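Spelled out from the first residue to the last, the chains are:
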Number of protein chains: 2
Amino acid sequence: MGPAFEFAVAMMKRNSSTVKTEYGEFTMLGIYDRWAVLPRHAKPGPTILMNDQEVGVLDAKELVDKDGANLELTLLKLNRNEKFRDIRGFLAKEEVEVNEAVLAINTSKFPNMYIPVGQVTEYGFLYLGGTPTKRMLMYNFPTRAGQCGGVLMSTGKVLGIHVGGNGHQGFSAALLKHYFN
Amino acid sequence: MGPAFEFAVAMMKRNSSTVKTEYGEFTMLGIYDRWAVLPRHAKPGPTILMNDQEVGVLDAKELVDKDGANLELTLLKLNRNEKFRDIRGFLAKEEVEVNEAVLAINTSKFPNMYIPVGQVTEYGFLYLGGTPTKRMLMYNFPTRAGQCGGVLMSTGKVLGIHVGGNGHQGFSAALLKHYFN
């Protein structure tokens, strides 16, 4: 658990930011170049607040699989002058299962917070507010209304982005290497 | 940081509960026998919600030093049939300074959450909403309106109870062994 935590803290300090869209406040993870990821529910507009600064948005892609199934992620390309530290090496080629994970949240209502959630298993397909969603990962999480965007991590791995739960389990969209390029 | 986290998780699972008084929702730490501690601002009444159950309160003591100075803690004795696991061995005889600490929060709006706050130093005397307060500990904490009751911990040590901050530093009341007995 402790190595997962030490990994998550460093990762978050290097690659995360707090974002505000018109739909609420979220944790954002920068991935490489100018591309970051948000849960789909953040619905970024042409402009966002990133760490309380206005940043333009050049492109947003709502991700679906090869047959149009929802993946519940939005990739966004930011008009900034800095690049993100490339972390594509920490993203897996397929859904990750792990014995001990930590969910990290970085928002003005949850500033730098970390939750041990224990074991992660690949759940795959489910309904999420009625919408058929694929490639979900599941773990223990006495759950909230939103507080989503969290980043799901274990030692040396970035697993996914927290997109919701049922009150007893939490669900993350698997964050796969091939989404990027 | 990681050993601090592993310590805090075990400690919280064994000795903490979520409390609701009429003044809000707080993290509570059970200490031994039937005695727990809350920040002074929780103002427990004759009854509390502990993990969503009504529990009676037999005695509440607002702690002050030998010359009546505020310490910002309330010790409360609960009418329950279980004893708390004794953790007086983890409380220090005097204010603790540490290089790496973790603040742990257990509430229905922050369920099992942990914040690395880095170094803790003994601040001693300060004003806290205008009230002269002693035996404060200080650490890094991009701060909130309440979300106090948090437990401040490092590897093998329970340092204090989070009682407020200024926006850049967070403050905990030192939780001293001799308060108990």
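Per the deposited record, determination of this structure is attributed to X-ray crystallography, with the resolution reported as 2.10 Å.

Engineer: Outline unusual backbone geometry, listing residues and values.
Structural biologist: Residues and elements named next belong to chain A. For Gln-147, which is not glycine, the phi dihedral falls at a positive 55 degrees. Along the chain, the position of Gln-147 falls in the loop between β9 (131–140) and β10 (151–154). For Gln-147, a relative accessible area of 13% translates into the label buried.

Engineer: Give me the lowdown on the pattern of salt bridges, citing residues and values where you can.
Structural biologist: Residues and elements named next belong to chain A. Within the structure shown, the criterion is met by eight salt bridges over all chains. Among the salt bridges present, the one from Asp-33 reaches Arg-34, with a minimum N-O distance of 3.1 Å. Ionic pairing is found between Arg-88 and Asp-86, a salt bridge with its closest N-O pair at 3.2 Å.

Engineer: Mind laying out the nonpolar core, listing which residues take part and the relevant values?
Structural biologist: Judged by nonpolar contacts, the single largest core of 104 residues is most densely connected at A:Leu175 and B:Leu175. If we skip the residues at most four places from it in the chain, A:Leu175 touches A:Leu29, A:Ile31, A:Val37, A:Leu73, A:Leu91, A:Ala92, A:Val158, A:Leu159, A:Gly160, A:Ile161 and A:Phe180.

Engineer: Outline the interface of chain B and chain A, listing residues and values.
Structural biologist: Opposite the 19 residues of chain B that make contact, chain A presents 19 residues. Where chain B abuts chain A, roughly 1700 Å² becomes buried across the two surfaces, and 71% of that area is made up of carbon and sulfur atoms. Together, B:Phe5, B:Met113 and B:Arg144 form the three largest contributors to the area buried by chain B at its contact with chain A, with a combined 30%. At the boundary of chain B with chain A, the tally comes to zero salt bridges. On inspection of chain B and its partner chain A, the count reaches seven residue pairs in polar contact. Of all the secondary-structure elements, those providing two or more residues to the side of chain B that touches chain A are α1 (2–15), β7 (98–107) and β8 (110–128) of chain B. Looking at which element gives the most residues to the side of chain B that touches chain A, the answer is β8(B), with seven residues. The residue inventory of the side of chain B that touches chain A, partitioned by class, reads 13 nonpolar, three polar and three charged.

About the cut-offs
Residues numbered from 1 in each chain as written, not as in the entry; some residues may be left out. Chains lettered and ligands numbered in written order. Heavy atoms only, no water. Helix = DSSP H or I, 4+ residues; strand = E, 2+ residues; numbered from the N terminus. Buried < 20%, exposed > 50% of the residue type's maximum accessible area, 1.4 Å probe, protein only. Salt bridge = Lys/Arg side-chain N within 4 Å of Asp/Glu carboxyl O. Core = buried A, V, L, I, M, F, W, Y, C linked by side-chain atoms within 4.5 Å. Contact = heavy atoms within 4.5 Å. Buried area = accessible area lost by both parts, 1.4 Å probe. Polar contact = N/O pair within 3.5 Å; in protein donor to acceptor, adjacent residues only side chain to side chain. Nonpolar A, V, L, I, M, F, W, Y, C, P; charged D, E, K, R; others polar.

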